[PDB]
There are 2 protein chains.
Amino acid sequence: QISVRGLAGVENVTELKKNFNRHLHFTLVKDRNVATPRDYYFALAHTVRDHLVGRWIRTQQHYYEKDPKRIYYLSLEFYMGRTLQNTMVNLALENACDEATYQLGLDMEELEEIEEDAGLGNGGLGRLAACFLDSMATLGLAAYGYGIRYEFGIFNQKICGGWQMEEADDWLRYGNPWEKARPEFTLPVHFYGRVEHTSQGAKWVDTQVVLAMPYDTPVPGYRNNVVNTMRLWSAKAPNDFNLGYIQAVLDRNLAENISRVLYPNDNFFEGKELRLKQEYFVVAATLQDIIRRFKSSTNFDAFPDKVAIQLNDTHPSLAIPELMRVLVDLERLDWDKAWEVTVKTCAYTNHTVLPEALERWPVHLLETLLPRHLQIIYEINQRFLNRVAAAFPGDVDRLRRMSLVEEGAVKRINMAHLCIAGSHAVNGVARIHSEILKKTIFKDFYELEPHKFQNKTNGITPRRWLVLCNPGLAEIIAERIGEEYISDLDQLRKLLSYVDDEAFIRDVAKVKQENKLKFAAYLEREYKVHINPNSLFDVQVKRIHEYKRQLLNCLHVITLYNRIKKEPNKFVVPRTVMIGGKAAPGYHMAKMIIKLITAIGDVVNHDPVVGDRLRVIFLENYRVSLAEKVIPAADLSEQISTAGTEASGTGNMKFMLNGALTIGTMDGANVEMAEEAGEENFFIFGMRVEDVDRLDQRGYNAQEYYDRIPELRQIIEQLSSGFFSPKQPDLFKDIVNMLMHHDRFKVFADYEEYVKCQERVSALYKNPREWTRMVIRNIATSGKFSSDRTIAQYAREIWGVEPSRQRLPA
Amino acid sequence: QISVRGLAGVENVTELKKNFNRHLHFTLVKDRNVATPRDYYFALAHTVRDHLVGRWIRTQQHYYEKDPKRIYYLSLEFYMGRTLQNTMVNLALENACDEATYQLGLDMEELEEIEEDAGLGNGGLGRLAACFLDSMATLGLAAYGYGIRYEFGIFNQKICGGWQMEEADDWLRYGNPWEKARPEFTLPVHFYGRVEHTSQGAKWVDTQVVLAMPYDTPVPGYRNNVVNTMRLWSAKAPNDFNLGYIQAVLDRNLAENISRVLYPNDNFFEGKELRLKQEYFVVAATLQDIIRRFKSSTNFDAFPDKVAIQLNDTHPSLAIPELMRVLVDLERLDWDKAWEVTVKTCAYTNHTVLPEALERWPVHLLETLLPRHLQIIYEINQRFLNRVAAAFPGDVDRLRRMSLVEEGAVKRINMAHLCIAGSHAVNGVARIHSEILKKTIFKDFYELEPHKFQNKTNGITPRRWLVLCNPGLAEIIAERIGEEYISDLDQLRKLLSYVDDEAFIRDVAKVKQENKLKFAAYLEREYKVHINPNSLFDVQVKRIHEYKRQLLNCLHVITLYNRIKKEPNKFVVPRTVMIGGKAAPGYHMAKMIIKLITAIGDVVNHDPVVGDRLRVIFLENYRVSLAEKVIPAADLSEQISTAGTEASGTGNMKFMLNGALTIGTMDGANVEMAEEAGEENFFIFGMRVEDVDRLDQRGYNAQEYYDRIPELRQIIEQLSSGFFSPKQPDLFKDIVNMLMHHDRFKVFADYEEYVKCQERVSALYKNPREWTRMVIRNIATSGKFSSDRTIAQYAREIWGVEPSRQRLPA
Ligand SMILES: OC[C@H]1O[C@@H](NC(=S)N/N=C/c2cccc(Br)c2)[C@H](O)[C@@H](O)[C@@H]1O
Ligand SMILES: OC[C@H]1O[C@@H](NC(=S)N/N=C/c2cccc(Br)c2)[C@H](O)[C@@H](O)[C@@H]1O
Ligand SMILES: OC[C@H]1O[C@@H](NC(=S)N/N=C/c2cccc(Br)c2)[C@H](O)[C@@H](O)[C@@H]1O
Ligand SMILES: OC[C@H]1O[C@@H](NC(=S)N/N=C/c2cccc(Br)c2)[C@H](O)[C@@H](O)[C@@H]1O
């Protein structure tokens, strides 16, 4: 059908058809009379993955032969989504499989909807890891993703009576064709026990053993025949475990609970023992695998030349004392040499500045669970603090501020301080975020070691986030500038010379309209909801948090509603306002916000006077597969975090690439996006970081805004009186209370300027040609935000390796 | 190499080789440089199972077309063992695969040793189910085995310091190639709740739901292209289960524990709730599957013409009230019609007379777990007791004796009484066992309904138990009489005309010697134990129980030892005495017996005066795969249960078929074996059932034997004084106490006659030619004990179906 999806040759289609039927028969044990769509999906999945094996075996063979420096990306989250379409794309098989399935009498898109998301992450941090793996393979890097194979990923969100309900994400129910169990590489991990001191150093004894069983998943590069590995560990009890008899067998569950479920808290910290076990489990198993592979290349001086370990936030921070443990206790290196090796091997990426999101483990937990690691941490702290003392003599408060050990009610280890001490590089994820680290939360560490601190602005993969999810847009671009931009996104700049091209303008606008039509149909079919596809699609999708200010969006929505009821026969640009995202199960306020959104929809969507001019939809169960649908259909991207709170954002980049305009604050990567497109092509509003600081010194008084803005006053009184909750009049008292008295994120302070800026959006949308030309200027400048650029920067400035766009032989 | 293993054609070997390499590459993701023997086994397993698919799909297709009466064999145990070699045999692929693997540079026998036993049973009852499935497929019956997919089967037995240790049998660790998950046929099973009465009958409400997920395993007939199904249910939690959040996900384990582990008690009863849940789980899921299949053929009158349900002991006895429940409550049939349907559908096989092995469930358990089923049981009891009252007016004690409800300390349901009431046929498993049922434990029921009571003498499959495990013997037989006996074992009679054939005698004796050489080498290699292959192989293998009298064997061993120390320079026929079997984890006495055996070995095997004339070996971890090795190597089969206690035995039949002679009592199937071979060709000793009865009336006094047999006295005093336990002098006080004062099984009463009869064994073994001629007379008469005969009798006399040896098209 379309060019970018590859060739549909005669021998290929024929071969795919026969292998499809082979798998349906031999692998699935079905015939065409009993098979359901699910069987058909599986036959296809097996037919496609067969094409990976040769490339996978020789890629791994190649790294053994050439022995390059290895990159290990350690994360507790890999938010992969679906794998079938992504594999076809990177292997140039999409059109061939479309044809083969068509000829078999099947619709391939229908089959793709059957695959479950691999939802092994929460949000931005997890999806970043997924985009990164794709870019690392596309760039020919010898990279491995290491993590945990959670039996249950992020929960499926059901909305019941306007309230979020959680249900288990049993994603392995039907089996996962995209994994290969490797029980032969099972490794032991130790917990509890005690430390014995002898003539020849410390020994960790009387431990409980849990087994780590690896599952390998292939990561194909873009049309370069490179297939990298993501290795996920699963927890297994050893066979003498607890070994009245029945109970001993049943208690095996305890050990295997380590890998059972993903913790659904993002940007918040909970000191639970099970979570600490997960963190150590992944670190301990991964490091033995690393060392094993290194020895199969005595001399650990060369270790940092052959190994890089990237820590995705502080979650795998135990890698630092664990590497020390192995080097000191098991390999018998002296402390100083072990430490030199550790520091040069490790690097740390920070993903937030929110205080409550920082990991500070109680000392008594580490004491019981990991007694040797606590000892090593104390020793690291001592030697680090002596360095501080020597650089800043007499500065006693600096010493307590920089200590890895935090004194107080309970003693805690600050895992972020550990990471900075034990890494040769520390980076933030957007320029403003990286500067904030140097100036505020890690100021003391920056003064001690300025050379460690870097920026690596986030990116998204243009394969999943353009080619895969928006084929129409990828095709009209390809027609004009060719296909090379897919793995070199800077080439999109060449589209600037098409901003006055009338055919292109018409094509860009047509692609959007078709995406909107397709999505409006999806909503009617799978969710029985009616929307006007002519309206402006105003979308905010991301995890529910107070700092992301879904509430500010709510206030705007209520303003438009109130203005309509005021002047019903006045003209307004119609909108479909879509908000989606999951709330963390214990986050009460976030759950109330979801309830508010649905409650506004109940009033707005059934007011006859409004008509189809305003619609408020809550998008249930937001996740990667839903993002791939809603993002290409959006006109307006809401990126309205309070300045200084969103480290980067990546959602923002997805919308930019897919032809939506952005309303947002000067926060995280928004700053760099506006800088790339030109501020005139962006809807910037609200306080900058400096304005926020000024307001804090002075003291934020919400009352002041309530007193001076009558439209804001009206909204508050409607919330309070029960306008949006007639049966439960005081349902939203908590939200009003928080807004009026306890608002950390200054919702009222940006209200006026936000509503105003939203009027300017409406104004531009009235002029289709001028809307579309600004869109073209956004897409054309989105090249910087490809994760290929990000990864090339990591490679050169942190890991010390050269990316390569060269093909491996097929 | 040998004829019975099929043809090794040029196109077959070539095709097998290429499919092997395809699987190693595409399925296992390996090349020949990284593959281990385990990978090679898996490539082979996949290559072989590919040959089943076509036959499996068309067999099942055929039953849908022709719609024959369906047989459902319900068991909580299926002791399958290994599957690779059995599949090759039934598909005539053995020689072809041997050649293909040889040419690939691999030894197939080495690869076969890699497969784990499917140990989903305890002993005789579980192995009977496995032999039965094989015979049902070989005989063209539309039969299904239904059971539970235990995650952990029977434990692996380790011997430590002479003591049994148990470890988890993690048989699914590397994955099972012989199963196909069928998550699309998942069914709900209900527990707990309460009964509501309405205008339109009772309703079972407020239940907890557990999901049952089926796994299908293929059961290939012998060279007839028939492939039947064994469907095993796995327990899964529903997705809203318990749905703080983390714990709700972790508590899913509770539901899934239902299918976690096989209960390791045989011939003993433990009233544990988890065991009751297993029994209902398999029954409830199986019956919905049965009814579903029946409706896909309103009119339940035809139900018994299209369905037979065989209950393997009382473990799936809940099928009776469950069928009633569905018919009465859900389909709205009247009680009397529902009951008529139930009775004509069900049949019950009894496997023991030991009182402590009978299932008697406390009423309060059924009350809480299955409230509706208790109600139905009471109603069944009432209507049954009215029938008894009417047939035997005024006989009030008969009424309490026959009641399904047992009064006392706790009220119990006698599940055996339930089975007899709700089945059209009740059968024992050997002629003497079936007579004992009619005369003693079920006498009252036999008087009420004599027509229900039948015999079905047990059998063993000659495929696994001759062709597979003893190819050498199968070949020398085939040379003389052809191959047709494999599926018609009565043909072995033709061997009688070869009893004076000098070539045959030499061949029979040679096969045995090679089996003994092979096994003696196995012991040295895998267990570092040295034995003389020239000695008589005296073997007792079976689960450890007091009724099986491993202790009597022990006493004989000690007698031989003491006689040697008495007259060291006298000649005695050398023996290797091998005893093996697992003890139930909570059975203290059985564990002491194992300890005794090893303790005798410690003394005997290191006495220089004994030399290699006497050796006592405990065979660790006895199981199906070990049986396939030790049985063809045995000269003497020990079948020495106290008369009236072993319902049938099947081990006995295995030894008969493979060229060992039998020392045993007139118990279970021994009676019929001796009858077939002629009593002169059997070593019969000891009390018959009648003698046991006489002794009980009189009162068994062990002291009397101790007083009058000096050799017995010596043994007891050695046990007591600490001769066999120097460091722990009183270690065996319990055993001596039990023998002297509390022996239910009258070990002393058979001692004299046993020792005497053992002298006669030694005498015959001194004459190789005459030993071998008697052996030939045993093998030649073992035809009756094929499970093909047993199953044909079930088919005609219970199920009402005709067996067929006709081939399905290939
Ligand atoms: O879903 C069924 C099962 O599939 C198995 N895969 C097996 S046998 N071969 N894969 C081969 C293969 C080939 C290419 C790519 C990948 Br990616 C895997 C996995 O080991 C199981 O964990 C899984 O449950
Ligand atoms: O860099 C990628 C993205 O990372 C996100 N960080 C996230 S999801 N941290 N989660 C932290 C977290 C997760 C689980 C538990 C705990 Br305790 C903290 C940032 O908020 C985005 O601005 C950024 O674009
Ligand atoms: O061991 C790996 C996995 O294999 C799978 N088998 C699959 S995908 N095809 N089988 C096809 C097939 C064909 C012929 C016979 C049989 Br018998 C199965 C099972 O569903 C899993 O439970 C198991 O863990
Ligand atoms: O018919 C086959 C064989 O069956 C055996 N019965 C067995 S294993 N019953 N197990 C009963 C049992 C099992 C588990 C729990 C409980 Br509570 C009882 C007989 O003992 C043999 O004589 C006979 O040859």
# chains A, B, ... in the order shown; residues from 1 in each chain; ligands from 1

call {"tool": "residues_near_ligand", "arguments": {"ligand": "ligand 3", "cutoff": "9 Å", "atoms": "only C-alpha atoms and all ligand atoms", "output": "PyMOL selection string"}}
result
(chain A and resi 25-29+174-175+177) or (chain B and resi 46+48-54+56+172+174-182+215-218)

call {"tool": "write_last_selection", "arguments": {"atoms": "N, CA and C atoms", "output": "CSV table (one decimal), in the first residue's frame"}}
result
chain,number,residue,atom,x,y,z
A,25,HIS,N,-0.5,-25.1,12.2
A,25,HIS,CA,-0.6,-26.6,12.3
A,25,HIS,C,0.3,-27.2,13.4
A,26,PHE,N,1.6,-27.1,13.2
A,26,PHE,CA,2.6,-27.7,14.0
A,26,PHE,C,2.8,-27.1,15.4
A,27,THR,N,2.7,-25.7,15.5
A,27,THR,CA,3.0,-25.0,16.7
A,27,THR,C,1.7,-24.8,17.6
A,28,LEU,N,0.7,-24.4,16.9
A,28,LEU,CA,-0.6,-24.2,17.6
A,28,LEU,C,-1.5,-25.3,17.7
A,29,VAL,N,-1.3,-26.4,16.9
A,29,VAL,CA,-2.1,-27.6,16.8
A,29,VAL,C,-3.6,-27.2,16.5
A,174,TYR,N,-1.6,-16.0,28.2
A,174,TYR,CA,-1.6,-16.8,27.0
A,174,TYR,C,-0.2,-17.2,26.5
A,175,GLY,N,0.8,-16.8,27.2
A,175,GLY,CA,2.2,-17.0,26.8
A,175,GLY,C,2.8,-15.9,26.0
A,177,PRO,N,5.4,-15.0,23.1
A,177,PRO,CA,6.2,-15.5,22.0
A,177,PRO,C,7.5,-14.8,21.9
B,46,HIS,N,10.9,-32.1,20.0
B,46,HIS,CA,10.2,-31.3,19.1
B,46,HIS,C,10.1,-32.0,17.7
B,48,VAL,N,10.1,-35.2,17.1
B,48,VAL,CA,9.1,-36.3,17.2
B,48,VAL,C,7.7,-35.9,17.4
B,49,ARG,N,7.4,-34.9,18.2
B,49,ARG,CA,6.1,-34.5,18.5
B,49,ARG,C,5.4,-33.9,17.3
B,50,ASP,N,6.2,-33.3,16.3
B,50,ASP,CA,5.6,-32.9,15.1
B,50,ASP,C,4.9,-34.0,14.3
B,51,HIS,N,5.3,-35.2,14.5
B,51,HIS,CA,4.7,-36.4,13.8
B,51,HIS,C,3.3,-36.8,14.4
B,52,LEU,N,3.0,-36.3,15.6
B,52,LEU,CA,1.7,-36.5,16.3
B,52,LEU,C,0.6,-35.6,15.8
B,53,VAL,N,1.0,-34.4,15.4
B,53,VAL,CA,-0.1,-33.3,15.2
B,53,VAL,C,-1.2,-33.8,14.3
B,54,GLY,N,-0.8,-34.3,13.1
B,54,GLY,CA,-1.8,-34.6,12.0
B,54,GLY,C,-2.7,-35.7,12.6
B,56,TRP,N,-3.3,-36.4,15.7
B,56,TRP,CA,-4.1,-35.9,16.8
B,56,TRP,C,-5.3,-35.1,16.3
B,172,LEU,N,8.7,-29.1,35.8
B,172,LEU,CA,8.4,-28.2,34.7
B,172,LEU,C,9.4,-27.1,34.5
B,174,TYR,N,12.4,-26.7,33.1
B,174,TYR,CA,12.9,-26.4,31.8
B,174,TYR,C,11.8,-26.4,30.7
B,175,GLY,N,10.5,-26.6,31.2
B,175,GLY,CA,9.4,-26.6,30.2
B,175,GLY,C,9.0,-28.0,29.8
B,176,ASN,N,7.8,-28.2,29.5
B,176,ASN,CA,7.3,-29.5,29.1
B,176,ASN,C,6.9,-29.5,27.6
B,177,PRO,N,7.6,-30.1,26.7
B,177,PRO,CA,7.3,-30.1,25.3
B,177,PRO,C,6.1,-31.0,25.0
B,178,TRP,N,5.7,-31.9,25.9
B,178,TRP,CA,4.6,-32.8,25.7
B,178,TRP,C,3.2,-32.2,26.1
B,179,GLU,N,3.1,-30.9,26.3
B,179,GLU,CA,1.8,-30.3,26.6
B,179,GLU,C,1.4,-29.2,25.7
B,180,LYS,N,0.1,-29.0,25.4
B,180,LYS,CA,-0.3,-27.8,24.8
B,180,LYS,C,-1.4,-27.1,25.7
B,181,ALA,N,-1.0,-25.9,26.2
B,181,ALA,CA,-1.9,-25.1,26.9
B,181,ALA,C,-3.1,-24.7,26.1
B,182,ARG,N,-4.3,-24.8,26.7
B,182,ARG,CA,-5.5,-24.4,26.0
B,182,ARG,C,-6.3,-23.3,26.8
B,215,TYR,N,-4.6,-28.2,30.1
B,215,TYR,CA,-3.4,-28.5,29.3
B,215,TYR,C,-3.6,-29.9,28.7
B,216,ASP,N,-3.5,-30.0,27.4
B,216,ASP,CA,-3.7,-31.3,26.7
B,216,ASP,C,-2.3,-32.0,26.4
B,217,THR,N,-2.3,-33.3,26.7
B,217,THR,CA,-1.2,-34.1,26.4
B,217,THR,C,-1.7,-35.2,25.5
B,218,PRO,N,-0.9,-35.5,24.3
B,218,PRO,CA,-1.3,-36.6,23.4
B,218,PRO,C,-1.0,-38.0,23.9

call {"tool": "residues_near_ligand", "arguments": {"ligand": "ligand 2", "cutoff": "7 Å", "atoms": "only C-alpha atoms and all ligand atoms", "output": "tab-separated table (two decimals) with N, CA and C atoms, in the first residue's frame"}}
result
chain	number	residue	atom	x	y	z
A	122	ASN	N	6.02	2.23	34.54
A	122	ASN	CA	4.96	3.12	35.01
A	122	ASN	C	4.62	4.22	34.02
A	123	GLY	N	5.65	4.85	33.45
A	123	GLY	CA	5.48	6.05	32.64
A	123	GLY	C	6.75	6.42	31.92
A	124	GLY	N	7.19	7.66	32.11
A	124	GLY	CA	8.28	8.24	31.32
A	124	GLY	C	9.62	7.54	31.47
A	125	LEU	N	9.96	7.18	32.70
A	125	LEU	CA	11.22	6.48	32.97
A	125	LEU	C	11.28	5.10	32.27
A	126	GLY	N	10.18	4.35	32.34
A	126	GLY	CA	10.12	3.03	31.72
A	126	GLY	C	10.13	3.06	30.19
A	128	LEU	N	11.35	5.54	28.37
A	128	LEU	CA	12.69	5.99	28.00
A	128	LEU	C	13.64	4.81	27.80
A	265	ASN	N	4.02	2.92	42.02
A	265	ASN	CA	4.33	4.30	42.41
A	265	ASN	C	5.38	4.89	41.48
A	266	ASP	N	5.03	6.00	40.85
A	266	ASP	CA	6.03	6.80	40.15
A	266	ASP	C	6.18	8.11	40.93
A	267	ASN	N	7.31	8.79	40.74
A	267	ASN	CA	7.60	10.05	41.45
A	267	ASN	C	7.07	10.12	42.91
A	268	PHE	N	7.24	9.01	43.63
A	268	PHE	CA	7.00	8.91	45.08
A	268	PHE	C	7.77	7.70	45.63
A	269	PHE	N	8.23	7.78	46.89
A	269	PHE	CA	9.02	6.71	47.50
A	269	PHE	C	8.37	6.02	48.70
A	270	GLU	N	8.37	4.69	48.65
A	270	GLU	CA	7.80	3.84	49.68
A	270	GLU	C	8.89	2.83	50.05
A	351	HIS	N	16.20	11.35	37.25
A	351	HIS	CA	14.93	11.57	36.56
A	351	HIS	C	13.93	12.46	37.31
A	352	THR	N	14.30	12.97	38.49
A	352	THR	CA	13.41	13.90	39.22
A	352	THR	C	14.07	14.72	40.32
A	357	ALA	N	10.18	11.68	46.08
A	357	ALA	CA	10.50	10.63	45.11
A	357	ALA	C	11.91	10.06	45.29
A	358	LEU	N	12.72	10.69	46.14
A	358	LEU	CA	14.08	10.23	46.39
A	358	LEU	C	14.12	9.00	47.30
A	359	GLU	N	14.99	8.04	46.96
A	359	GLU	CA	15.11	6.80	47.72
A	359	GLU	C	16.03	7.00	48.92
A	429	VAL	N	18.12	15.08	32.47
A	429	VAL	CA	17.47	14.59	31.26
A	429	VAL	C	16.89	15.69	30.37
A	458	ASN	N	16.39	14.16	26.79
A	458	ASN	CA	15.68	12.96	26.40
A	458	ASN	C	15.28	12.97	24.92
A	646	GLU	N	8.86	19.14	36.05
A	646	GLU	CA	8.95	18.04	35.08
A	646	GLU	C	10.37	17.97	34.57
A	647	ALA	N	11.12	16.94	34.97
A	647	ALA	CA	12.54	16.84	34.63
A	647	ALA	C	12.78	17.03	33.12
A	648	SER	N	12.02	16.32	32.31
A	648	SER	CA	12.09	16.47	30.88
A	648	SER	C	10.71	16.40	30.26
A	649	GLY	N	10.03	15.28	30.45
A	649	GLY	CA	8.87	14.94	29.65
A	649	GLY	C	9.34	14.27	28.37
A	650	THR	N	8.56	13.33	27.86
A	650	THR	CA	8.80	12.72	26.55
A	650	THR	C	7.50	12.68	25.74
A	668	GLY	N	11.12	21.60	31.78
A	668	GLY	CA	11.74	20.42	31.18
A	668	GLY	C	12.10	20.64	29.72

call {"tool": "residues_around", "arguments": {"residues": "residue B:288", "least_positions_apart": "2", "cutoff": "10 Å", "atoms": "only C-alpha atoms", "output": "PyMOL selection string"}}
result
chain B and resi 187-189+283-286+290-294+322-323+326

call {"tool": "atom_distance", "arguments": {"atom1": "atom CA of residue B:336", "atom2": "atom CA of residue B:379"}}
result
11.5 Å

call {"tool": "atom_distance", "arguments": {"atom1": "atom CA of residue A:527", "atom2": "atom CA of residue A:261"}}
result
28.1 Å

call {"tool": "closest_residue", "arguments": {"among": "A:617, A:584, A:219, A:539", "to": "chain B", "atoms": "only C-alpha atoms"}}
result
A:584

call {"tool": "closest_atom_pairs", "arguments": {"of": "chain B", "to": "chain A", "cutoff": "6 Å", "atoms": "only C-alpha atoms", "output": "tab-separated table"}}
result
residue	atom	partner	partner_atom	distance
B:167	CA	A:240	CA	5.6
B:168	CA	A:239	CA	5.5
B:239	CA	A:168	CA	5.5
B:240	CA	A:167	CA	5.6

call {"tool": "closest_residue", "arguments": {"among": "B:396, B:143, B:43, B:716", "to": "ligand 1", "atoms": "only C-alpha atoms and all ligand atoms"}}
result
B:43

call {"tool": "select_by_dssp", "arguments": {"residues": "stretch 604-714 of chain A", "states": "helix (DSSP H, G or I)", "output": "VMD selection string"}}
result
chain A and resid 604 624 to 630 651 to 657 670 to 677 679 to 681 689 to 698 702 to 708 710 to 714

call {"tool": "residues_around", "arguments": {"residues": "residue B:704", "least_positions_apart": "2", "cutoff": "12 Å", "atoms": "only C-alpha atoms", "output": "PyMOL selection string"}}
result
chain B and resi 699-702+706-710+712-713+740-741+746+748-749

call {"tool": "select_by_dssp", "arguments": {"residues": "stretch 283-447 of chain A", "states": "strand (DSSP E or B)", "output": "list in words"}}
result
residues 307, 308, 309, 310, 311, 312, 346, 347, 348, 349, 360, 361, 362, 405, 406, 412, 413, 414, 425, 426, 427 and 428 of chain A

call {"tool": "residues_around", "arguments": {"residues": "residue A:475", "least_positions_apart": "5", "cutoff": "12 Å", "atoms": "only C-alpha atoms", "output": "count of residues only"}}
result
21

call {"tool": "residues_around", "arguments": {"residues": "residue B:711", "least_positions_apart": "2", "cutoff": "12 Å", "atoms": "only C-alpha atoms", "output": "PyMOL selection string"}}
result
chain B and resi 555-556+558-563+566+705-709+713-718+748+751-752+755

call {"tool": "closest_residue", "arguments": {"among": "A:228, A:645, A:297, A:157", "to": "ligand 1", "atoms": "only C-alpha atoms and all ligand atoms"}}
result
A:228

call {"tool": "residues_around", "arguments": {"residues": "stretch 602-614 of chain A", "least_positions_apart": "5", "cutoff": "12 Å", "atoms": "only C-alpha atoms", "output": "MDAnalysis selection string"}}
result
chainID A and resid 161:162 529:538 554 556:578 595:597 718 722:726

call {"tool": "closest_residue", "arguments": {"among": "B:77, B:696, B:620, B:117", "to": "ligand 4", "atoms": "only C-alpha atoms and all ligand atoms"}}
result
B:77
